[PDB]
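Below, each chain spelled out in residue letters.
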Amino acid sequence: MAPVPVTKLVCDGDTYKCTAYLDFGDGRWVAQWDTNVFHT
Amino acid sequence: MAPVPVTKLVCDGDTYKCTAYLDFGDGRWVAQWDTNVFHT
Amino acid sequence: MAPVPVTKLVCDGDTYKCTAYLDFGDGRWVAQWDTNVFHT
Ligand SMILES: CC(=O)N[C@@H]1[C@@H](O)[C@H](O[C@@H]2O[C@H](CO)[C@@H](O[C@@H]3O[C@H](CO[C@H]4O[C@H](CO)[C@@H](O)[C@H](O)[C@@H]4O[C@@H]4O[C@H](CO)[C@@H](O[C@@H]5O[C@H](CO[C@]6(C(=O)O)C[C@H](O)[C@@H](NC(C)=O)[C@H]([C@H](O)[C@H](O)CO)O6)[C@H](O)[C@H](O)[C@H]5O)[C@H](O)[C@H]4NC(C)=O)[C@@H](O)[C@H](O[C@H]4O[C@H](CO)[C@@H](O)[C@H](O)[C@@H]4O[C@@H]4O[C@H](CO)[C@@H](O)[C@H](O)[C@H]4NC(C)=O)[C@@H]3O)[C@H](O)[C@H]2NC(C)=O)[C@@H](CO[C@@H]2O[C@@H](C)[C@@H](O)[C@@H](O)[C@@H]2O)O[C@H]1N=[N+]=[N-]
Ligand SMILES: CC(=O)N[C@@H]1[C@@H](O)[C@H](O[C@@H]2O[C@H](CO)[C@@H](O[C@@H]3O[C@H](CO[C@H]4O[C@H](CO)[C@@H](O)[C@H](O)[C@@H]4O[C@@H]4O[C@H](CO)[C@@H](O[C@@H]5O[C@H](CO[C@]6(C(=O)O)C[C@H](O)[C@@H](NC(C)=O)[C@H]([C@H](O)[C@H](O)CO)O6)[C@H](O)[C@H](O)[C@H]5O)[C@H](O)[C@H]4NC(C)=O)[C@@H](O)[C@H](O[C@H]4O[C@H](CO)[C@@H](O)[C@H](O)[C@@H]4O[C@@H]4O[C@H](CO)[C@@H](O)[C@H](O)[C@H]4NC(C)=O)[C@@H]3O)[C@H](O)[C@H]2NC(C)=O)[C@@H](CO[C@@H]2O[C@@H](C)[C@@H](O)[C@@H](O)[C@@H]2O)O[C@H]1N=[N+]=[N-]
Ligand SMILES: CC(=O)N[C@@H]1[C@@H](O)[C@H](O[C@@H]2O[C@H](CO)[C@@H](O[C@@H]3O[C@H](CO[C@H]4O[C@H](CO)[C@@H](O)[C@H](O)[C@@H]4O[C@@H]4O[C@H](CO)[C@@H](O[C@@H]5O[C@H](CO[C@]6(C(=O)O)C[C@H](O)[C@@H](NC(C)=O)[C@H]([C@H](O)[C@H](O)CO)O6)[C@H](O)[C@H](O)[C@H]5O)[C@H](O)[C@H]4NC(C)=O)[C@@H](O)[C@H](O[C@H]4O[C@H](CO)[C@@H](O)[C@H](O)[C@@H]4O[C@@H]4O[C@H](CO)[C@@H](O)[C@H](O)[C@H]4NC(C)=O)[C@@H]3O)[C@H](O)[C@H]2NC(C)=O)[C@@H](CO[C@@H]2O[C@@H](C)[C@@H](O)[C@@H](O)[C@@H]2O)O[C@H]1N=[N+]=[N-]
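Residues numbered from 1 in each chain as written, not as in the entry; some residues may be left out. Chains lettered and ligands numbered in written order. Heavy atoms only, no water.

- X-ray crystallography is the method the PDB entry states for this structure, with the resolution given as 1.70 Å.

## Some thoughts on the relation of the copies chain B and chain A
Logical step 1: Mapping chain B onto chain A calls for a rotation angle of 120° and an axial translation of 0.0 Å; the resulting RMSD is 0.0 Å. Both chain copies can therefore be described as sitting about a three-fold axis. Proximity to the rotation axis, assessed at the C-alpha, singles out B:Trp33 in chain B; its C-alpha lies 5.0 Å from the axis.
Logical step 2: The fraction of interface residues of chain B whose copies in chain A are also interface residues is only 14%, indicating that the copies meet through different surfaces. (Least-squares fit on C-alpha atoms. Contact = heavy atoms within 4.5 Å.)

## Here's the deal with the interface of chain C and chain B
Logical step 1: Counting residues at the interface gives 14 residues for chain C, matched by 14 residues for chain B.
Logical step 2: Interface area, chain C with chain B, both sides summed: about 1300 Å², of which 63% is carbon and sulfur.
Logical step 3: For the interface between chain C and chain B, the tally reads zero salt bridges.
Logical step 4: Viewed at the interface, chain B and chain C are joined by seven residue pairs in polar contact.
Logical step 5: When residues of the side of chain C that touches chain B are traced back to their parent elements, those giving at least two are β1 (4-12), β3 (29-34) and β4 (36-39) of chain C.
Logical step 6: Summarising the sheet, strand β1 (residues 4-12) of chain B and β1(C) pair through two bridges and their orientation is antiparallel. Each bridged residue has a counterpart across the sheet, and for B:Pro5 the counterpart in β1(C) is C:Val10. (Buried area = accessible area lost by both parts, 1.4 Å probe. Salt bridge = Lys/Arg side-chain N within 4 Å of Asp/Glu carboxyl O. Polar contact = N/O pair within 3.5 Å; in protein donor to acceptor, adjacent residues only side chain to side chain. Helix = DSSP H or I, 4+ residues; strand = E, 2+ residues; numbered from the N terminus. Pairing = 2+ DSSP bridges.)

## Looking at the interface of chain B and chain A
Logical step 1: Counting residues at the interface gives 14 residues for chain B, matched by 14 residues for chain A.
Logical step 2: With both sides pooled, the region where chain B packs onto chain A buries about 1300 Å², and carbon together with sulfur makes up 64% of that total.
Logical step 3: Three residues, B:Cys11, B:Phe38 and B:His39, lead the burial of chain B against chain A; their summed loss comes to 39% of the area buried on that side.
Logical step 4: Here chain B is connected to chain A by zero salt bridges.
Logical step 5: Put simply, chain B and chain A have seven residue pairs in polar contact between them.
Logical step 6: Broken down by secondary-structure element, the contributors of at least two residues to the side of chain B that touches chain A are β1, β3 (29-34) and β4 (36-39) of chain B.

In structure tokens:
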């Protein structure tokens, strides 16, 4: 399948990005997107 | 609750989208967002 | 590490946002991003 599973998910409030580690290929591919981060 | 849990999370480096399967309703609802994808 | 793990992930089709609860600090920080939501 073209969509691949996420194995780990982290987010960073300095860069305002979330990074998803992917099960694909050699293991070094990530998905990353801009995000808001805040204290509730 | 209006926010619902994600049961599975996949991402696709051809479409540059991540898709989250949701526990809601009949089970066929997803959340989907644009994302970057790259090799580290 | 500056990226921190997500402990829970929910998404909301009224607000069109996904919210990731973060393991950080006092436990009340989230990441949140706009998302599409739809029935497949
Ligand atoms: C002691 C200690 O340590 N403590 C700690 C702390 O520290 C941390 O915190 C952190 O801190 C830091 C330091 O201070 C910081 O940093 C900073 O920042 C800032 C700000 O930022 C922002 O802005 C910017 C600009 O514009 C940008 O870039 C960024 O990015 C940001 O923004 C963001 O972004 C994002 C992404 O894009 C987005 O998202 C999105 O969202 C959306 C929505 O939106 C909204 C709406 O709704 O619309 C908007 C609005 O506005 C809002 N509202 C309000 C009211 O606010 C909303 C809300 O929020 C909601 O709704 C609720 O629900 O939202 C959508 O969702 C989408 O999808 C998304 O995507 C957002 O929005 C944004 N926001 C805003 C507000 O805008 C900055 O600015 C700065 O930078 C500066 O500085 C530096 C140095 O330091 C440098 O490097 C740079 O370059 C800069 O510089 C500058 O420059 C300029 C020009 O160039 C000049 O002019 C000047 O002068 C300079 N300056 C200097 C100084 O140099 C900085 O970076 C940060 O921020 C903080 N963070 C936070 C989060 O807060 C704490 C935390 O931590 C963190 O996180 C965690 C988790 C972990 O990771 C760790 O590690 C980290 O660190 O913690 C504490 N502790 N404890 N517990
Ligand atoms: C052997 C084998 O097979 N191998 C394999 C491979 O293949 C793969 O890869 C893949 O491949 C494919 C094929 O080649 C490709 O495809 C292609 O692509 C291209 C590009 O794309 C891009 O661009 C476009 C346009 O513009 C768009 O649409 C897309 O989307 C993209 O873009 C992107 O997007 C995203 C989303 O929106 C974004 O995100 C974002 O991000 C942001 C940030 O950003 C940034 C910043 O920061 O600012 C930016 C910058 O720039 C950067 N920088 C650099 C330096 O780069 C940054 C960085 O990255 C960072 O920062 C780091 O940290 O970033 C934020 O975050 C936000 O939030 C987000 O959202 C992004 O950004 C973007 N990027 C850019 C760069 O821009 C395209 O173009 C193409 O298309 C074409 O072609 C086709 C056919 O083929 C067709 O269909 C189409 O239509 C087109 O066509 C064309 O048309 C035109 C007009 O219309 C004309 O003119 C021409 O002529 C034509 N042509 C033809 C040929 O026809 C295609 O599609 C892809 O790309 C690739 N991928 C990758 C990822 O790389 C690999 C991988 O795989 C994948 O993934 C995985 C995971 C899984 O899923 C699988 O299954 C898949 O496949 O693999 C390999 N193997 N192994 N190992
Ligand atoms: C019986 C019962 O109960 N049932 C149930 C139901 O109900 C639900 O559903 C829901 O419902 C509700 C009620 O009806 C609704 O609400 C409504 O809505 C509407 C619409 O919204 C939209 O629009 C708006 C405006 O513009 C906005 O704001 C929003 O946000 C939305 O939009 C969206 O957004 C997002 C974010 O930003 C985005 O995303 C993105 O995406 C992208 C992509 O994109 C696209 C592309 O591709 O390009 C686009 C295109 O278009 C598309 N296409 C088509 C064909 O469609 C595509 C596709 O989709 C794909 O591709 C596929 O694959 O896509 C990327 O990805 C990025 O990254 C992202 O981010 C998106 O896009 C968008 N979309 C569109 C389409 O645009 C609205 O409008 C409304 O509002 C109104 O109303 C209210 C009241 O009610 C009020 O408050 C307001 O204010 C408004 O008002 C108005 O105002 C105006 C002015 O101001 C005036 O003029 C008027 O008159 C007024 N009116 C009145 C009435 O007042 C509302 O809000 C919703 O929507 C729904 N949802 C859904 C999801 O559907 C169901 C579901 O549920 C939910 O979800 C779940 C999961 C859970 O959470 C729960 O709890 C919830 O509820 O369910 C059912 N049951 N059962 N089974």
